[PDB]
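Participant: Dropping the structure in here first, questions after.
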Amino acid sequence: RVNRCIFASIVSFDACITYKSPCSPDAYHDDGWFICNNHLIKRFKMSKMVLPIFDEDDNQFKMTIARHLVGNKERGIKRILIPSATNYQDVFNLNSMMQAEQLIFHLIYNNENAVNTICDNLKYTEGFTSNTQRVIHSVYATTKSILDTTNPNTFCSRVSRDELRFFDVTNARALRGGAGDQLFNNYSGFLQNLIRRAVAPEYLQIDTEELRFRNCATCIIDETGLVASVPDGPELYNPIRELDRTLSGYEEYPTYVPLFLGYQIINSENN
Amino acid sequence: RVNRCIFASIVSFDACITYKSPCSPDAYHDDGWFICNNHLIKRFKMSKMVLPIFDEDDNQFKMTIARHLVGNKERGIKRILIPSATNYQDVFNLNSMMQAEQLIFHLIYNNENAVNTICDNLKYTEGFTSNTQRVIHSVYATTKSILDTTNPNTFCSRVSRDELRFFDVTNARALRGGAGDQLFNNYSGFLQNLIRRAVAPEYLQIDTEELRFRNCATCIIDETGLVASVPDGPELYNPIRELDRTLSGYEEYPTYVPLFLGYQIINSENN
Amino acid sequence: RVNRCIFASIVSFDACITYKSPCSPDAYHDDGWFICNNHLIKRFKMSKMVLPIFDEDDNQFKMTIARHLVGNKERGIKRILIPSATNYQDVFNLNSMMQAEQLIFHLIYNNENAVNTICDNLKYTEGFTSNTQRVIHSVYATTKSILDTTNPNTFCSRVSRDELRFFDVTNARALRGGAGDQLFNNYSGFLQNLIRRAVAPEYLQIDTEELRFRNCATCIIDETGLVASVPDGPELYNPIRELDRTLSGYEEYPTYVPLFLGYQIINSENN
Amino acid sequence: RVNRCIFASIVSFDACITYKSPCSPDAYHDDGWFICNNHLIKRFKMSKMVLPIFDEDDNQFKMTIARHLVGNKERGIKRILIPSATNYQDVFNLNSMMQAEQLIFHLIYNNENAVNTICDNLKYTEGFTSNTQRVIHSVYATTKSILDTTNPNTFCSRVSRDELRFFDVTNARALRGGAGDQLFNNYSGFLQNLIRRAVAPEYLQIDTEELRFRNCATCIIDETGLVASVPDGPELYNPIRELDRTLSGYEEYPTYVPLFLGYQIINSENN
Amino acid sequence: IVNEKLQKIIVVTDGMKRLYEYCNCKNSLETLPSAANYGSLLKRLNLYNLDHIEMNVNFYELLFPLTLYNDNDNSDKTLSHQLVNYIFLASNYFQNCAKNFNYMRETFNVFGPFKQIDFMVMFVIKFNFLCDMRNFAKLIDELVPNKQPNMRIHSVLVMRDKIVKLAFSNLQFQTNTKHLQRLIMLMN
Amino acid sequence: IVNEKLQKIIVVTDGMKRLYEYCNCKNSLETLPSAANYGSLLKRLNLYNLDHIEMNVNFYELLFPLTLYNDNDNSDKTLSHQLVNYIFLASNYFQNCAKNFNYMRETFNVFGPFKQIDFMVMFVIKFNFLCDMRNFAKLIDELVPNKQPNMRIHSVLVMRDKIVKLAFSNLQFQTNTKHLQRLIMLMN
């Protein structure tokens, strides 16, 4: 009923030309994601989808899962989905998109200096005090309003130390698993929540049962941000009549790449 | 208009008691599979499904693929999907089904001794010469008229030696990767056709381009035949209100384990 | 009114199965060629076309010329347009075509041994003396009556300066460019006439003026006959909405590569 | 809707005699050429035309290509098509055409001094101030508007250095290949665009593929500008009853000489 | 004759091992280089130049000798698939080495600044692979000089060589005049 | 760094010429190798072991030394253009050679039946290339080790190198065990 996307409050505060808000209808839903699907796919190489987990008692359960949007021939920077604070401004060409988007990212990565620069450069424009200042207040306030829900600290910590989601079990060649896990901790509450809901666990631990869903991982985490690289192998293919006639709908099982990472441990009291 | 399942012509060669034929209409599709999915699922822990392959210019191409039906705690005998000719008689308790099914299995497994024993045993029984003689004659004629078409050789080999499928590209310190593909060359023509139609390659090589559809192997060929076992780790889980309501359909991405094993390359002239 | 194609007389001399006559209507024209365009494109990699030679006084003079029918990836025998005497049976695997086709090809290459073997083996078949004997007589007589006229005219050309056709490769260094002039001269009169009317020279000399059409060769003569391999380089390509909307009739300039090889001399008297 | 010929804005700014406009209707298309076909053939020995590129999937794509108008006996000066800044004023008899044409040419070669001389010489005529000055300003502005777009520098450079059209693989015996591509870059932007759109590469390089349209180059770049003379050989032919009747339309393969020089490399990124 | 290539590769490997390279061969081909196994090798190499090394690898030429060993008739299917598996393994190892060259460069230069760093890394790759190849040769049973080609094996080798050589090609670089004086004076 | 490879290649040219290879400089690279211009060279080389030669060539790496060269600032476009024409010429030469090994095999076999004719042709091609590079190096003025590269030349080299590698990879071909026993004894 109410929009719940970070980019929903994006505005072109010129007082003459309006802005765009192509956030998908799911933007209003309280799915736990805080980015509308349109802006999520456009700004990031992510695709919201649903992962259903069943049991032997015919119990339905679905958990948040994202999807790749990157091809194969792409190398290096393009393979990086969510860059880190030290490697996002370069890859996100802040001076290209509208100032409000830039400020959104700056808050995302704790880039207060860029917020100050955006404000002081905005002061220079004519007609600024008329409505530009009020709109910068509106956009900044709504963005912070999303941030607080995302951030775990806030004022009162509503944190439940139940889900042991450590975001690595990889059996990597180099003994740096404690380092890949050491990361993801510098990310803001928004970043940690977004990466948590985007990637679904491959190994899940509830009570005593050990769950496994993929024989091998999907992506990997580096200090340069969230990067999608299968360990030790080629990149997985991305798609982006008579045989079709003779082959009917047979549970197509589309092969669009799902995300997979991390070890999940769930306590008995957890829900 | 005519069923194309080997088991679709199962006949109770007694001339008194009628026989069953639970083949679904799917067997009428000439997709390359010669078993109605009912008989395939009943005898084997597999299910027909097709994965379509796309491109960059919106061109369609689809290829068949199988799907596991074994559980997790299920170990050993039940874990086998396609047992070898050495270990097929025990796993399929030939003393359980009708003798016609045993004849079909033996012909598929090229067990000529069993066929001769069943024929000369059927010679003795009273009233066999009346109708059962020609009944078994027609059954055997149909079985061979399928078997020959399955085999590449026939009277003259109508083989299309263009698609090169190895079926064993794995490397998990087996030290005998050269042993993993020992079989699949001893199988009968129909067995090889069915197994190839069932499992799809994780790596595909079209001339100069490399494609990848999986991170790690799914099944493996064992000396006791094909087994629905994922190497290098514990078996993946097999599944056999408020949250669902607030999370509508978002491309469930079905989780039942598909088939992925082996390596494929296409020659220049192949189309 | 009367067709002048050697293959126009192709007939299945079995008296039971009908024969095909795909020769195009143009084969009735006495333009100098002796093959119907359909047979020319079928048996050989040739396609009849004409080239007009004008001047500054707007005078008409046209000469015969041929065109490629090979792609790029084809190699070996596929690159051969007209095989030599030794290497024609293998490239044409005469055992696979109709017996009358084999007889005609043997007559073209003057393979008297093959003709005698086909005749004395055809003596053995039943019903031969009834009608197959007269059919073979008619076919042989027509083939002789087509071949005969060519040998004098080819011979007279090989006598005197009237038109000095030199297959010498331009830029003598060039490539292999073998002076197969007598390999051509080792061809039968029909083959020599066909190749002369198929390929045109790059330099032409009328009276005293010099005319040039191509800067380099197109085909080349080798021991395996005339092969469409451009000397000293990869072979040329063979092709076999908005921007299209803005591109109107703009002198399409056909991109297919026609034959160009050899040197010609014209005396004042020729017409 | 708007004509895009450089000389289409020709004005006989005498204030007495009107100017003509013989440009062909097709000049209004968005071809990218800035010269109408009539101007193309008048001011240069060039004729626009198109070459199509097909494929095995029946795709359409094509590019512009020029045609010669120079004959055979023409030598030296007549063989120059697009001279450099060193040798254009002499070859284009600047004292023969309209003053506006002279100004256009001086602009084309960045001949600013001739521009100033023609302007201040015209200033002395009576009645100039009325409308001749405004007409000269209009002509200069039109010329600059045509010129700026093709330039790589411009005001906001929309540079896309993805087309590697290097313009020289001639196997020139003299080891001085370092002159062809050495020129064609010291020229005006309009000259560079015109020559790029006029001549199509004989060898095509896209990603991993290699194509060949002409086995040997046709034109060549020289200090005196582009010259339509294949190196080391006589120039190519240029043409500017019963036998014809029986020789009907047989794909005449027009004999006019197109342009062919240089190599094209295209990366995957470029459109 | 192909047997020339057989004996040539055999003797080259033997002599190259004999001269300087001591077999440190326990590790297999299913892994990337490990620093602990090669520190002393790098230290000793530091004083001997390796610029002779060619970045590219003659994959098909390297693996051709072991194509032609087979007892007459179809003695056993095991050799065919064993060879195919070995080929795929070496291909993927080379691909991963080319793909992740920077990390290995850093991991090996952390122990010292050398001027042959990437040279030494490529030498280590080739030497370890060649030791694994020598072990695999010790695994095989017998050969023949009849020189019977195999279309399947050759096709696999050709495709893998194309892929591997292209991947090696994609390797690129980040984008004392008296030496040239001496060179020119030598040329004249 | 780059200066290492540059000096190494220069010294390799000098030493390889000093030992065996000699100037037959009348022939340039514009056309195919001329057996008539190499009969003496072939006869000389026929009495040596050439089995160390291999069908591939590191064209990209081979021309990489010449890449790093310039005077202060862009004095003129002569250097880059000269190099570009050289590169395209080399690419065409190598591709034509690879496409026409049958012609050269026949021509060099006519002079006499020699076992190592393949390696002979390969070394002929390489030697012609090396002499042409020697001349073009004689043309140039100065080099620096600052390793400031050019993007365009780099891309052209990469692409033409991919073509060359694929072209040579097109090479396929159809059709003493006591030495195998000796090897097995040596390893054990």
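Here, A, B, ... name the chains of the structure tokens in the order displayed, residue numbers run from 1 inside each chain, and ligands are numbered from 1 in the same displayed order.
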Least-squares fit chain F onto chain E by Cα, in order, and just send back the RMSD.

Facilitator: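 Fitting chain F to chain E over paired C-alpha atoms yields 0.8 Å.
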
Participant: Can you superpose chain A onto chain C by least squares over all C-alpha atoms paired in order and give the moved copy as a tab-separated table (two decimals) with C-alpha atoms, in the first residue's frame?

Facilitator:
```
chain	number	residue	atom	x	y	z
A	1	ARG	CA	15.10	-24.92	-81.12
A	2	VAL	CA	17.24	-28.03	-80.58
A	3	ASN	CA	18.83	-29.02	-77.28
A	4	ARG	CA	22.61	-28.49	-77.17
A	5	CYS	CA	23.61	-29.86	-73.76
A	6	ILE	CA	25.84	-32.86	-73.07
A	7	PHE	CA	23.50	-34.01	-70.29
A	8	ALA	CA	20.38	-33.47	-72.40
A	9	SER	CA	20.53	-37.04	-73.73
A	10	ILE	CA	20.86	-38.48	-70.23
A	11	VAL	CA	18.58	-41.54	-70.01
A	12	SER	CA	17.71	-44.26	-67.48
A	13	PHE	CA	17.51	-47.17	-69.93
A	14	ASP	CA	15.62	-49.66	-67.79
A	15	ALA	CA	12.64	-49.98	-70.21
A	16	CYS	CA	10.35	-49.67	-67.14
A	17	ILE	CA	11.21	-46.44	-65.28
A	18	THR	CA	11.81	-43.25	-67.25
A	19	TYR	CA	14.53	-40.65	-66.66
A	20	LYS	CA	14.87	-36.96	-65.86
A	21	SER	CA	16.05	-34.13	-68.13
A	22	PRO	CA	15.79	-30.91	-66.10
A	23	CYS	CA	18.00	-29.01	-68.55
A	24	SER	CA	17.06	-25.34	-68.43
A	25	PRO	CA	15.33	-23.64	-71.39
A	26	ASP	CA	18.69	-22.16	-72.40
A	27	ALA	CA	19.87	-25.72	-73.14
A	28	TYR	CA	18.53	-25.35	-76.68
A	29	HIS	CA	20.50	-22.15	-77.31
A	30	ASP	CA	23.76	-22.15	-79.27
A	31	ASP	CA	25.49	-20.09	-76.59
A	32	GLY	CA	28.77	-21.96	-77.17
A	33	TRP	CA	28.41	-23.70	-73.83
A	34	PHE	CA	27.55	-27.36	-74.24
A	35	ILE	CA	26.01	-27.97	-70.82
A	36	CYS	CA	22.58	-26.80	-69.75
A	37	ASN	CA	22.62	-24.41	-66.82
A	38	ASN	CA	20.79	-26.77	-64.45
A	39	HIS	CA	23.13	-29.68	-65.13
A	40	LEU	CA	26.13	-27.33	-65.23
A	41	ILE	CA	25.46	-26.02	-61.72
A	42	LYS	CA	24.39	-29.41	-60.36
A	43	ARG	CA	27.30	-31.43	-61.75
A	44	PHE	CA	29.86	-28.61	-61.57
A	45	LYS	CA	30.51	-25.56	-59.42
A	46	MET	CA	29.87	-23.19	-62.32
A	47	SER	CA	27.23	-20.58	-63.15
A	48	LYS	CA	26.79	-19.23	-66.67
A	49	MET	CA	26.59	-15.45	-66.89
A	50	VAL	CA	27.37	-12.60	-69.27
A	51	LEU	CA	30.34	-10.23	-69.14
A	52	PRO	CA	29.68	-6.97	-71.02
A	53	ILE	CA	32.68	-5.12	-72.45
A	54	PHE	CA	32.10	-1.57	-73.66
A	55	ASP	CA	34.26	1.15	-75.22
A	56	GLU	CA	34.36	4.93	-75.66
A	57	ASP	CA	32.36	4.69	-78.91
A	58	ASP	CA	29.36	3.15	-77.09
A	59	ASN	CA	30.01	-0.31	-78.52
A	60	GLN	CA	28.42	-3.31	-76.82
A	61	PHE	CA	30.24	-6.62	-76.56
A	62	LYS	CA	29.66	-9.54	-74.22
A	63	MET	CA	31.93	-12.51	-73.56
A	64	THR	CA	31.33	-15.83	-71.86
A	65	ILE	CA	31.93	-15.88	-68.10
A	66	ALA	CA	31.13	-18.33	-65.29
A	67	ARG	CA	30.42	-17.88	-61.58
A	68	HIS	CA	31.43	-19.70	-58.40
A	69	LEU	CA	29.08	-21.97	-56.48
A	70	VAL	CA	31.47	-22.97	-53.67
A	71	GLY	CA	31.53	-21.56	-50.16
A	72	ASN	CA	34.48	-20.60	-47.99
A	73	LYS	CA	34.83	-23.28	-45.31
A	74	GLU	CA	35.02	-25.94	-48.03
A	75	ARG	CA	38.57	-27.21	-48.39
A	76	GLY	CA	40.58	-29.27	-50.84
A	77	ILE	CA	38.45	-31.46	-53.09
A	78	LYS	CA	35.28	-29.36	-52.89
A	79	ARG	CA	37.19	-26.29	-54.08
A	80	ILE	CA	37.97	-28.20	-57.27
A	81	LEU	CA	35.47	-27.30	-60.00
A	82	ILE	CA	36.55	-29.37	-63.01
A	83	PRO	CA	38.87	-32.21	-62.00
A	84	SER	CA	41.37	-33.75	-64.40
A	85	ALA	CA	41.36	-37.24	-65.86
A	86	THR	CA	43.68	-38.40	-63.08
A	87	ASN	CA	41.54	-36.83	-60.34
A	88	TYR	CA	37.93	-36.84	-61.55
A	89	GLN	CA	36.76	-40.43	-61.08
A	90	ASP	CA	37.60	-40.31	-57.37
A	91	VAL	CA	35.84	-36.98	-56.87
A	92	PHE	CA	32.84	-37.89	-59.06
A	93	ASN	CA	31.90	-41.21	-57.35
A	94	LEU	CA	30.99	-42.74	-60.71
A	95	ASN	CA	29.39	-45.81	-59.11
A	96	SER	CA	26.70	-43.52	-57.61
A	97	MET	CA	25.09	-41.72	-60.55
A	98	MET	CA	23.41	-43.45	-63.46
A	99	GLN	CA	25.57	-45.36	-65.91
A	100	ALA	CA	24.84	-42.93	-68.75
A	101	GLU	CA	26.29	-40.01	-66.77
A	102	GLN	CA	29.35	-42.13	-65.99
A	103	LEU	CA	29.88	-42.92	-69.68
A	104	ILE	CA	29.46	-39.23	-70.48
A	105	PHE	CA	32.25	-38.38	-68.05
A	106	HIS	CA	34.39	-41.24	-69.36
A	107	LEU	CA	34.15	-39.86	-72.89
A	108	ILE	CA	34.84	-36.39	-71.49
A	109	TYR	CA	38.10	-37.58	-69.92
A	110	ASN	CA	38.94	-40.23	-72.56
A	111	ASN	CA	38.13	-43.05	-70.12
A	112	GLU	CA	37.58	-45.79	-72.68
A	113	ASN	CA	38.16	-48.54	-70.11
A	114	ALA	CA	35.17	-47.39	-68.08
A	115	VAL	CA	33.08	-47.29	-71.26
A	116	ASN	CA	34.03	-50.90	-71.95
A	117	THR	CA	33.20	-51.88	-68.37
A	118	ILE	CA	29.86	-50.07	-68.56
A	119	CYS	CA	29.01	-51.91	-71.78
A	120	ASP	CA	30.04	-55.36	-70.54
A	121	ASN	CA	28.27	-54.98	-67.18
A	122	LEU	CA	25.21	-53.70	-69.04
A	123	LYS	CA	25.24	-56.81	-71.23
A	124	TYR	CA	24.59	-58.89	-68.10
A	125	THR	CA	21.21	-57.29	-67.38
A	126	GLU	CA	17.99	-58.98	-68.47
A	127	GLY	CA	15.91	-57.23	-71.08
A	128	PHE	CA	19.15	-55.65	-72.26
A	129	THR	CA	18.77	-56.44	-75.97
A	130	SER	CA	15.12	-55.33	-75.92
A	131	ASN	CA	15.70	-51.58	-75.54
A	132	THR	CA	18.74	-51.13	-73.26
A	133	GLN	CA	21.17	-51.56	-76.15
A	134	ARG	CA	19.23	-49.18	-78.41
A	135	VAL	CA	19.18	-46.55	-75.67
A	136	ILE	CA	22.88	-46.94	-74.93
A	137	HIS	CA	23.44	-46.35	-78.65
A	138	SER	CA	21.22	-43.26	-78.61
A	139	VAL	CA	22.85	-41.72	-75.53
A	140	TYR	CA	26.40	-42.50	-76.63
A	141	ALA	CA	25.79	-41.16	-80.14
A	142	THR	CA	24.24	-37.90	-78.92
A	143	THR	CA	27.08	-37.42	-76.44
A	144	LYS	CA	29.68	-37.94	-79.16
A	145	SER	CA	27.69	-35.51	-81.32
A	146	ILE	CA	28.18	-32.84	-78.68
A	147	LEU	CA	31.82	-33.88	-78.22
A	148	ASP	CA	32.74	-33.34	-81.86
A	149	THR	CA	31.49	-29.75	-81.79
A	150	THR	CA	33.49	-29.23	-78.62
A	151	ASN	CA	36.61	-31.06	-79.80
A	152	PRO	CA	38.81	-28.97	-82.14
A	153	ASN	CA	40.42	-31.87	-84.03
A	154	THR	CA	37.30	-33.66	-85.35
A	155	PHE	CA	37.70	-34.82	-88.97
A	156	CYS	CA	38.25	-31.40	-90.59
A	157	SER	CA	40.02	-28.94	-88.29
A	158	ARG	CA	38.06	-25.68	-88.18
A	159	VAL	CA	40.70	-24.10	-85.93
A	160	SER	CA	41.61	-20.41	-86.25
A	161	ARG	CA	44.91	-19.61	-84.52
A	162	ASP	CA	43.78	-16.09	-83.63
A	163	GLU	CA	42.90	-15.94	-79.91
A	164	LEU	CA	46.11	-16.23	-77.86
A	165	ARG	CA	44.30	-17.34	-74.71
A	166	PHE	CA	47.14	-18.85	-72.69
A	167	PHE	CA	45.24	-19.11	-69.38
A	168	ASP	CA	47.84	-17.61	-67.08
A	169	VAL	CA	49.16	-14.27	-65.95
A	170	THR	CA	49.53	-14.62	-62.19
A	171	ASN	CA	52.92	-13.31	-60.98
A	172	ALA	CA	53.06	-16.35	-58.71
A	173	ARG	CA	55.73	-16.68	-56.04
A	174	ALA	CA	57.04	-19.95	-57.48
A	175	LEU	CA	58.49	-19.83	-61.00
A	176	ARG	CA	56.08	-22.37	-62.46
A	177	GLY	CA	53.96	-20.17	-64.73
A	178	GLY	CA	55.21	-22.19	-67.68
A	179	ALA	CA	53.80	-25.24	-65.88
A	180	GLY	CA	50.35	-23.88	-65.04
A	181	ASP	CA	50.11	-22.81	-68.67
A	182	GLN	CA	51.62	-26.17	-69.65
A	183	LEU	CA	48.44	-27.70	-68.25
A	184	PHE	CA	44.97	-27.18	-69.79
A	185	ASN	CA	46.57	-28.77	-72.85
A	186	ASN	CA	45.87	-32.33	-71.70
A	187	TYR	CA	42.17	-31.50	-71.52
A	188	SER	CA	39.84	-32.66	-74.27
A	189	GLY	CA	38.33	-30.22	-76.72
A	190	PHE	CA	35.21	-30.15	-74.58
A	191	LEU	CA	37.24	-29.42	-71.47
A	192	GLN	CA	39.33	-26.74	-73.18
A	193	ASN	CA	36.27	-25.05	-74.69
A	194	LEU	CA	34.36	-25.22	-71.40
A	195	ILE	CA	37.23	-23.79	-69.37
A	196	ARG	CA	37.74	-21.13	-72.04
A	197	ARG	CA	34.14	-19.94	-71.99
A	198	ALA	CA	33.76	-20.30	-68.22
A	199	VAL	CA	36.67	-18.05	-67.25
A	200	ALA	CA	36.78	-14.58	-68.57
A	201	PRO	CA	40.15	-12.95	-69.24
A	202	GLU	CA	41.40	-10.25	-66.90
A	203	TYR	CA	44.01	-9.01	-69.38
A	204	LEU	CA	42.87	-8.65	-72.99
A	205	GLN	CA	45.03	-7.69	-75.98
A	206	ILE	CA	43.35	-6.59	-79.22
A	207	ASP	CA	45.48	-4.81	-81.83
A	208	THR	CA	47.74	-2.82	-79.49
A	209	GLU	CA	45.52	-1.78	-76.57
A	210	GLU	CA	46.05	-3.61	-73.28
A	211	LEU	CA	42.84	-4.38	-71.40
A	212	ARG	CA	42.68	-4.99	-67.66
A	213	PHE	CA	39.60	-5.76	-65.60
A	214	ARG	CA	40.77	-7.24	-62.29
A	215	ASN	CA	43.76	-6.06	-60.29
A	216	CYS	CA	44.41	-9.71	-59.37
A	217	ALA	CA	43.46	-13.20	-60.53
A	218	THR	CA	40.52	-15.28	-59.32
A	219	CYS	CA	41.40	-18.99	-59.60
A	220	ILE	CA	44.37	-21.19	-60.53
A	221	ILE	CA	44.89	-24.37	-62.56
A	222	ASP	CA	46.52	-27.51	-61.18
A	223	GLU	CA	47.04	-31.02	-62.50
A	224	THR	CA	44.26	-32.11	-60.12
A	225	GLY	CA	41.74	-30.31	-62.31
A	226	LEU	CA	40.16	-26.89	-62.25
A	227	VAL	CA	40.44	-25.61	-58.68
A	228	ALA	CA	39.25	-22.24	-57.35
A	229	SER	CA	41.77	-20.67	-54.97
A	230	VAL	CA	42.59	-16.96	-54.81
A	231	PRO	CA	46.39	-16.51	-54.78
A	232	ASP	CA	47.95	-15.60	-51.42
A	233	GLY	CA	44.97	-14.69	-49.29
A	234	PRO	CA	41.74	-15.81	-47.65
A	235	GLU	CA	38.95	-17.30	-49.72
A	236	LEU	CA	36.41	-14.74	-50.93
A	237	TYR	CA	33.04	-14.70	-49.20
A	238	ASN	CA	30.15	-16.57	-50.83
A	239	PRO	CA	26.52	-15.88	-49.84
A	240	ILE	CA	25.10	-19.04	-51.47
A	241	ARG	CA	14.72	-3.89	-42.40
A	242	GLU	CA	14.85	-0.18	-41.60
A	243	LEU	CA	18.22	0.09	-43.35
A	244	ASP	CA	16.74	-1.77	-46.31
A	245	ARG	CA	13.80	0.64	-46.36
A	246	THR	CA	16.05	3.70	-46.29
A	247	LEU	CA	18.33	2.24	-49.00
A	248	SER	CA	16.67	2.04	-52.40
A	249	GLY	CA	17.89	0.18	-55.47
A	250	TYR	CA	21.24	1.84	-56.02
A	251	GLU	CA	23.04	-0.43	-58.51
A	252	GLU	CA	23.40	-3.19	-55.91
A	253	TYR	CA	26.46	-4.54	-57.73
A	254	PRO	CA	26.04	-8.09	-56.37
A	255	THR	CA	29.31	-9.60	-55.21
A	256	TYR	CA	28.86	-13.17	-56.46
A	257	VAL	CA	32.33	-14.38	-57.37
A	258	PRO	CA	33.21	-14.17	-61.07
A	259	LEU	CA	35.99	-16.20	-62.62
A	260	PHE	CA	39.17	-14.56	-63.91
A	261	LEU	CA	42.30	-16.12	-65.41
A	262	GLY	CA	44.67	-15.96	-68.32
A	263	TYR	CA	46.19	-13.53	-70.78
A	264	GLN	CA	44.21	-12.75	-73.93
A	265	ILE	CA	45.83	-11.65	-77.20
A	266	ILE	CA	43.63	-11.01	-80.25
A	267	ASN	CA	44.97	-10.42	-83.75
A	268	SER	CA	43.67	-7.65	-86.00
A	269	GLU	CA	42.11	-10.12	-88.45
A	270	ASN	CA	40.34	-11.93	-85.60
A	271	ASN	CA	36.65	-11.27	-85.00
```

Participant: Would you give me, as number ranges by chain, the residues of chain E that come within 8 Å of chain B, using only C-alpha atoms?

Facilitator: E: 30, 77-86, 88-89, 159, 162-163

Participant: Using the chain letters and numbers from this document, which residues of stretch 26-146 of chain A does DSSP assign to helix (DSSP H, G or I), as number ranges by chain?

Facilitator: A: 26-28, 37-43, 76-79, 99-108, 112-123, 128-146
